[PDB]
Novice: 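I'd like to ask you about the structure that follows.
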Protein chains: 2
Amino acid sequence: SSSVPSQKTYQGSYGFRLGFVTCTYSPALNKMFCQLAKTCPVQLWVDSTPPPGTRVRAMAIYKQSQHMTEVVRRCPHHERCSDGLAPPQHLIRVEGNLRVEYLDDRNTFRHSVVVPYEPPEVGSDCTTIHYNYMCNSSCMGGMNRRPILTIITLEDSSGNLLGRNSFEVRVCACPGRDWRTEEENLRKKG
Amino acid sequence: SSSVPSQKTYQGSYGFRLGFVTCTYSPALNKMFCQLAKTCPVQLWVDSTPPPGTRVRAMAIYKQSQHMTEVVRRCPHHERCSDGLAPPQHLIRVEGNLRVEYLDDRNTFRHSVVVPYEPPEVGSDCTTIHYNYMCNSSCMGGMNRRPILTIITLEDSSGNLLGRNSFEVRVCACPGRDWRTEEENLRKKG
DNA sequence: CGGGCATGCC
DNA sequence: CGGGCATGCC
Ligand SMILES: *C[C@@H]1C(=O)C2CCN1CC2
Ligand SMILES: *C[C@@H]1C(=O)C2CCN1CC2
Ligand SMILES: *C[C@@H]1C(=O)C2CCN1CC2
Ligand SMILES: *C[C@@H]1C(=O)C2CCN1CC2
Ligand SMILES: C[C@H]1C(=O)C2CCN1CC2
Ligand SMILES: C[C@H]1C(=O)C2CCN1CC2
Ligand SMILES: [Zn+2]
Ligand SMILES: [Zn+2]
């Protein structure tokens, strides 16, 4: 009945974890600082191999309680101003994948983007998905300065939740500057 | 052949001049500082009475040479987020008038808004048009921090130019602050 | 690149 | 209200 997706970490029976200029990641804040329309690799780590047909879904949610029930969408300006697959209303794109699906949920109206889970090749320890955020956090008529989380869910082909992780995202012009400011504020005022 | 409207002051044979918290006007800068979607009265002054059927047209133009040939439009966000007469692409509206016309020029693509010239009633010395700017100067995908001029033209019913005046506009959140900053910068660095 | 400005907002 | 913050940009 809820149209608000869960954000609670569930690393699950497969031991699902995420792994991480243009962008910088803060472990202390569990927060990515990146620039708009520049791809950000996110690593998928598992302790046990997921079943064939496992899928990886990404969905944004507003972090603040007062905004959590509002669907995160691309702002009207960047909707108007395009890879031929992503609907222009979607904030999060996946690059570098031939089986990307974009979902507009018919009941919750939430956007998500899904790709097949590919196990690491023999010799490799993780797999990478190239995400792209098509607005700044500040975009008027879109995120409008409200922080988001990206929720990454590992799902089997039947729809079962296998694992869930999330990280906060700030899409901004100056990731290094803004990261330093936020880490300093955490230490001084958090 | 030109699609760039003239901005040169032409007070003309009728002695046409303009006359002038929510907003403040700087004579030194010939510049209105106002807030978005809040009406701004502009006074029309004439030395001689224009003929019956005279019209008053308002049109925005970018002030900077590198932007002058781009049509000034409402940004996509405020286009989407409405008095039932103004097309949502138009930046400048007129309130308080029953004969407002909105023009999208079929050749130049420029927007303008026109009302009848009404002579001041017996006892009055000027007439007022209530303009409304539907974006901030800063709006992404619209003016995008580029200053505009508003060009007010007094035209007879045949289309003859009777007079022309202009003023710069900054639509902003804090007109009083921004006016003081710009006047100070004129004195210190102009 | 990075310090400072420009500007909606707290 | 007004000083200060938040943030794309110079
Ligand atoms: C944005 C940065 C990078 O360069 C890679 C991918 C995402 N983060 C962490 C590692
Ligand atoms: C995490 C994995 C690896 O083991 C190497 C380096 C980064 N990714 C892809 C290959
Ligand atoms: C914005 C201010 C006002 O209060 C009136 C109309 C426009 N300016 C000058 C006078
Ligand atoms: C300029 C005119 C006048 O003479 C009075 C005061 C302001 N407007 C309208 C009436
Ligand atoms: C802050 C941001 C900028 O404004 C440029 C480009 C990348 N960052 C440093 C210099
Ligand atoms: C600057 C602007 C604001 O932020 C509020 C409203 C009007 N001005 C003063 C206080
Ligand atoms: Zn945007
Ligand atoms: Zn706007």
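Naming: A, B, ... by sequence-line order, numbering from 1 per chain. Computed from heavy atoms alone, side chains included, the values below leave out hydrogens, waters and symmetry copies.
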Novice: Of A:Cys174 and A:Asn144, whose nearest nucleotide on DNA chain C comes first from the 5' end?
Specialist: A:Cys174
Novice: Would you say the side chains of B:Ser26 and B:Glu182 form a donor-acceptor pair under 3.5 Å?
Specialist: no
Novice: Testing the 3.5 Å rule here: is there a donor-acceptor pair between the side chains of A:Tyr10 and A:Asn165?
Specialist: no
Novice: Under 4.0 Å from any heavy atom of chain A: name the first and the last nucleotide of DNA chain C that qualifies, 5' to 3'.
Specialist: C:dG4 to C:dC10
Novice: Got a donor-acceptor contact below 3.5 angstrom from the B:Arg180 side chain to the B:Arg177 backbone?
Specialist: no
Novice: Under the side chain to side chain contact (heavy atoms under 4.5 Å, CB included) rule, collect the residues that match up with A:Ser3, sequence neighbours excluded.
Specialist: A:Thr108
Novice: My understanding is that a hydrophobic cluster links ILVMFWY residues whose side chain heavy atoms are under 4.5 Å apart, including indirect links. Using that, what else belongs to the cluster containing B:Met140?
Specialist: none
